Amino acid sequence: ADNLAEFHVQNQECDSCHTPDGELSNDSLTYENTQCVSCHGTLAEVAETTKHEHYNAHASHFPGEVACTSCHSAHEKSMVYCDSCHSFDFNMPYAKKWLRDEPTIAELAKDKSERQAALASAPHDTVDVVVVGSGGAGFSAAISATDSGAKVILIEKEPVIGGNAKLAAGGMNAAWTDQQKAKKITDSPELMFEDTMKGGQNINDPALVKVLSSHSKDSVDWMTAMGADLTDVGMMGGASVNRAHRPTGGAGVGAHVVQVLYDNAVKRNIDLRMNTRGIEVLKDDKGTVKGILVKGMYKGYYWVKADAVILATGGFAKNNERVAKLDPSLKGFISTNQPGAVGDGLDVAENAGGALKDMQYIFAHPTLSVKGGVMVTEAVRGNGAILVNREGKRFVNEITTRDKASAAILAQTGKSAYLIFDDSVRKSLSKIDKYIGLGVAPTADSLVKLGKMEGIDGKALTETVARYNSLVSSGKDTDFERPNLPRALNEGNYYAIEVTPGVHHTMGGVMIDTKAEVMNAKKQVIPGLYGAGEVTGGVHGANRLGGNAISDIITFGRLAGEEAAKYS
């Protein structure tokens, strides 16, 4: 057979997969996927038949209920979503190579006739609020608005939920929590505010940073009440004390928080539509929001009538052409992001009248794995790892801020460096076991043996670790002034991870006020239009601090949902 439907129709009727009238159930293909599951079993049952020692297409780190049609189309060949970041050895029936080819919002002007027909029709649905994007900001705003009394529709352009938030590792910053008190830490919302303004070179909007620090404990309390575990508290650069919260043992904060938000949306019966892209905000004759035009992958263009629209579409760090226009030094670099993080949400905001700010400030994460092409969290360094070059020596403060770590790594022999750690560091952060499972953390019982494996001067490496352990013991790093020295590297075996920089977060974006209301260039509010998360500018300023982005999306996402509900 040439395709999957042709294969099944050799011994099955069309209604084995389709509804009685033959029409597609909706853009999420809910009915059709239910039939795949009735015969083959759930994703977890299918995964028992496709095991590999260290990977499995049907059992991954993605949260929520991943639909079979995310990767298996029926009437045409299709792509494996995992190939957008990894290169595993797979053999999916009727596959084709991964290629992302999505028209820009400007290119969709080509569909004038279909768009005009949709807008002349009655609205397909009439609700109070529409939320655009299924990352942390978007789920937070849909749950908040629903709990306040509003009827919502939440849309997502990709086949799977969670955006870049499902990948988060290091933690969520907050201050003066009960979680901190149980680990004997002393902090305050005022210290969190001060660290954040210094971190962004005092370019941040102080009104927005006051919302970020003052609502942080409440945001941790809200997530925990919905079922989250945010009890492990670690350190990341730029923080005066430990304040990055994550699940017990040091697991990743992102897949866990997105799973808790999805389960709470399902409990509240929130209308969630996959494969549905927001295209154009609609306004009445007085310039206030009246609804939004969307494009369903399977059902076509239609529009939804509503009092408010909340844009929660994330950043543009995967779009290297747009990145290079703003910062030529980043042209050609790899990215840490999901395939759809390209900035189409900003284009929708701008067409509606919103102004942008701080677009030139773009962060390249210093440590992506050379072998695996994926981010290695700053928490590996925060829990104690060091960085060495091919000469076997230290060369930078590993928890330094701004762009100092990426610049220092690019200046070393080969334009890359190595993270070095032991079994005490490994046992302190469970996320490290995920890098060992991927095959990117070679190990040996001595530093001389490990250097011989990876091309690092082994005798100099041994001396370098002995010296660093001496500075940990005395309590001061006189070589590079690293301000936190949590453990000596001296238990069990040693590990190395080869790293280099990659494009990661866009700190600029749409202008918002303290109520998450979008504004134009004259600072006038556009009634009914809201923005929250990485699509906004002004929270982080000229440089970001690790752990502040997840704090931002929960706080500003919940706030926008409450405000849009009251406005409606």
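For every residue, the number given is its place in the sequence shown, counted from 1.
Visitor: On mean Cα temperature factor in this entry, is 307 to 315 or 251 to 259 the higher one?
Guide: Per the PDB record, 251 to 259.
Visitor: Tell me which of 555 to 563 and 7 to 15 has the higher mean C-alpha B-factor in the deposited entry.
Guide: Looking at the recorded C-alpha B-factors, 7 to 15 comes out higher on average.
Visitor: Highest Cα temperature factor in the entry, among the options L272, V348, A488, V323: which one is it?
Guide: Checking the PDB record, the top C-alpha B-factor among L272, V348, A488, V323 is at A488.
Visitor: Which has the highest CA B-factor per the PDB entry: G343, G475, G296, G171?
Guide: Reading the PDB entry, the winner on C-alpha B-factor is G475.
Visitor: Can you tell me whether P328 has a C-alpha B-factor in the lowest, middle or highest third compared with the other modelled residues of the same chain?
Guide: For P328, whose C-alpha B-factor we compare with every modelled residue in the chain, the answer is the middle third.
Visitor: Taking the chain's C-alpha temperature factors as the reference, tell me which third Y361 falls into: lowest, middle or highest.
Guide: For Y361, the deposited C-alpha B-factor lands in the lowest third.
Visitor: Using the B-factors in the PDB entry, rank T536's C-alpha atom against the chain and give the third, lowest, middle or highest.
Guide: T536: CA B-factor falls in the lowest third of its chain.
Visitor: Among the chain's modelled residues, which third holds the C-alpha B-factor of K393?
Guide: CA B-factor rank for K393: middle third.
Visitor: Lowest, middle or highest third: where is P159 by C-alpha B factor in its chain?
Guide: Lowest third of the chain for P159's C-alpha B-factor.
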